[PDB]
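Fold and geometry: a report
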Amino acid sequence: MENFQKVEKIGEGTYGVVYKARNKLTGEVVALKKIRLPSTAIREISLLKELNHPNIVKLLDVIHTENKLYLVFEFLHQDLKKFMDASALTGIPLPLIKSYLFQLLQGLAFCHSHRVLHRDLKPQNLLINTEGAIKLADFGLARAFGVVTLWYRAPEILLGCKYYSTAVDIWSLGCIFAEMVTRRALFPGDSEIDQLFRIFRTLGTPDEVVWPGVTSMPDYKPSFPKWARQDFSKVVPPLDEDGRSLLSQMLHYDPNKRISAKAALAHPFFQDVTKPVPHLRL
Ligand SMILES: O=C1Nc2ccc3ncsc3c2/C1=C/Nc1ccc2c(c1)CS(=O)(=O)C2
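Residues numbered from 1 in each chain as written, not as in the entry; some residues may be left out. Heavy atoms only, no water. Residues with missing side-chain atoms left out of burial classes, pairs and counts.

As documented in the archive entry, the model was determined using X-ray crystallography at 1.90 Å resolution.

As annotated in the PDB entry, the protein chain carries the name Cyclin-dependent kinase 2 and comes from Homo sapiens.

See below:
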């Protein structure tokens with residue numbers, strides 16, 4: 001770590017603090033993560049170094065020195081949370097929302113094809129550059145290591161499913177899509193039950209008809225209040241029918257019915273996708 005000069009703190013993640021740093025040898029500007037503290041973890045994190053894609057933040061190096069772990073990542077100058085805040089008065093243009101959603105689905109389709117899940121997608125780990133690219137940061141770390149935001153958590157995780165699938169990432173990205181469009185978080189829960197009941201109040205309390213097996217889930221309670229579903233026209237105005245159709249498939253309750261990233265890329269909403277240039281203030 002004597003090979004790195006810390007510039008400034010750029011994040012306070014779940015696995016540890018993230019710093020902007022300069023590699024004293026190559027002159028490279030990187031994102032340095034010091035993991036807060038196992039052999040199983042080293043092996044799984046070593047596999048992530050090979051999971052390379054243009055929409056995935058590159059894991060450059062794994063440094064296991066003095067019983068401490070450091071992850072060296074590719075550096076990007078802004079995240080989607082800051083960009084959404086900077087664009088709050090005018091909203092992100094629909095062509096740029098569509099481009100970012102299409103690129104994130106490409107990154108998801110790639111990781112999911114390698115049986116790698118993110119599990120904790122949120123605007124703070126979606127990173128953007130001046131070329132119009134958007135990249136996913138921290139794919140696979142949750143599985144590798146084993147106040148936290150609940151806003152993007154899939155309902156099967158909240159209902160105590162221990163063996164959840166790639167569908168959890170589609171749910172999180174659907175919540176992010178809705179937030180880019182409306183300029184407000186879709187389900188801003190501040191406890192696990194508030195998160196669950198916010199989902200229920202919008203999409204309706206799930207039952208055996210819409211989600212076979214839901215009533216046998218570990219944290220399912222028959223005492224859950226029964227709310228009726230709301231129209232998507234009310235949930236994400238002024239999003240057109242193609243966008244609302246795609247979002248509804250990303251937010252299906254049953255993980256098995258929820259659209260895959262690969263099928264989502266073929267949805268008619270992406271018929272006119274382009275790659276615009278965002279205006280970034282750095
Ligand atoms: O470049 C990076 N790579 C990684 C890899 C993993 C990882 N985990 C959590 S963050 C992160 C980052 C990362 C953060 N970058 C960055 C740079 C500048 C600004 C922000 C973020 C927030 S802002 O938009 O308010 C100003």
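1. Things to note about unusual backbone geometry
How we decide: Only DSSP runs of H or I reaching four residues or more are called helices, and only runs of E reaching two or more are called strands; each is numbered from the N terminus.
Of note, the amide linkage connecting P237 to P238 takes the cis form, showing an omega dihedral of 10 degrees. Checked against the element boundaries, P238 lands in the loop between α8 (232–235) and α9 (241–250). The phi dihedral of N67 is positive, around 60 degrees, even though this residue is not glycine. Relative to the assigned elements, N67 resides in the loop between β4 (59–65) and β5 (68–74). With a phi angle near 80 degrees, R119 is a residue other than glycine that sits in the positive phi range.

2. Topic: helix α3 (residues 94–113)
Filter applied, for reference: Helices are assigned an expected span. That span is 1.5 Å times one less than the residue count. Partly exposed residues are those whose accessible area sits between 20% and 50% of the maximum for their type, while under 20% is buried and over 50% is exposed, using a 1.4 Å probe and protein chains only.
Compared with an ideal rise of 1.5 Å per residue, which puts 20 residues at 28 Å, α3 spans 28 Å between its outermost C-alpha atoms and is within 8% of the ideal. With 15 of 20 residues buried, α3 lies mostly within the body of the structure.

3. Quick look at the UniProt feature "active site" in the protein chain
Put simply, the test is: UniProt positions are given in the numbering used here, feature names are shortened, and annotations may be inferred rather than shown by experiment. Any two residues whose heavy atoms approach within 4.5 Å are treated as being in contact.
Under the local residue numbering, the UniProt record ascribes the feature "active site" to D120. Mapping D120 onto the fold places it in the loop between α3 and β7 (126–128). Overall, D120 belongs to the partly exposed group, its relative accessible area being 25%. In contact with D120, other than residues within four places in its own chain, are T14 and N125.

4. Here we look at the site of the ligand
Stated precisely, the cut-off is as follows: Throughout, the term near means that a residue has one or more heavy atoms lying within 4 Å of the molecule or strand in question. N or O atoms closer than or at 3.5 Å make up a polar contact, with two conditions inside protein: a donor-capable atom paired with an acceptor-capable one, and, for residues adjacent in sequence, both atoms drawn from side chains.
Taken together, the neighbourhood of the ligand is formed by 15 residues, with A31, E74, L76, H77 and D79 sitting nearest. Between the ligand and the protein, one listed contact pairs an oxygen atom with a backbone N or O atom of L76 at 2.9 Å. Here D138 contributes a side-chain N or O atom positioned 3.3 Å from a nitrogen atom of the ligand. Elements with a contribution of two residues or more to the shell around the ligand: β3 (29–35), β5 and β6 (78–79).

5. Focus: helix α7 (residues 192–203)
Residues separated by three or four positions in an α-helix point in the same direction, a consequence of the helix having 3.6 residues per turn. Under the 1.5 Å per step criterion, the end-to-end length of α7 is 17 Å for twelve residues, consistent within 8% with the ideal 16 Å. The inward-facing, buried residues of α7 contact α5 (155–158), α6 (167–182) and α8. Where α7 terminates, the next one or two residues include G204, which has phi positive at roughly 85 degrees.

6. Quick word on the packing of aromatic side chains
We describe a pair of aromatic rings using the distance from one ring centre to the other and the angle between the two ring planes. To be explicit about the condition: Note on ring pairs: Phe, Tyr and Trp rings are taken, using the six-membered ring of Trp, and paired if centres are within 6.5 Å. Classes follow the plane angle, with under 30 degrees stacked, over 60 edge-to-face and the rest tilted.
If you walk through the whole model with that rule in mind, you get 14 aromatic pairs. When the centroid spacing of 6.3 Å and the interplanar angle of 50 degrees are considered together, the rings of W151 and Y152 count as tilted. A ring pair is formed by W171 and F187, whose centres lie 6.2 Å apart and whose planes are at 20 degrees; its orientation type is stacked. Linking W171 in helix α6 with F187 in the loop between α6 and α7, this pair joins segments that are 16 residues apart in sequence.

7. Examining the packing of α3 against α6
For clarity, the threshold we go by: Axis geometry follows a simple rule: fit a line to the C-alpha atoms, using only the stretch in contact for helices, then measure angles between N-to-C directions, giving values from 0 to 180 degrees. Orientation is classified from the angle alone, with under 35 degrees giving roughly parallel, over 145 giving roughly antiparallel, 65 to 115 giving roughly perpendicular, and any other angle giving oblique.
Taken N-terminus to C-terminus, the directions of α3 and α6 make an angle of 170 degrees; their axes are 11 Å apart at the nearest point. With respect to each other, α3 and α6 are oriented roughly antiparallel. Within the contact between the two elements, α3 uses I97, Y100, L101, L104, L105, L108 and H112 and α6 uses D169, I170, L173, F177, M180 and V181.

8. Details of the sheet that holds β6
Test applied: Here, strands pair whenever DSSP counts at least two bridges between them.
Sheet architecture is open: three strands sit in the order β6-β7-β8, paired in antiparallel fashion. Since the sheet does not close on itself, it has two edges, and those belong to β6 and β8 (134–136), each with one partner. Pairing geometry for β7 and β8, over three bridges, is antiparallel. Bridging across to β8, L127 finds its partner in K135. Running over the sheet, α3 touches β7 and β8 and is turned about 30 degrees from β8.

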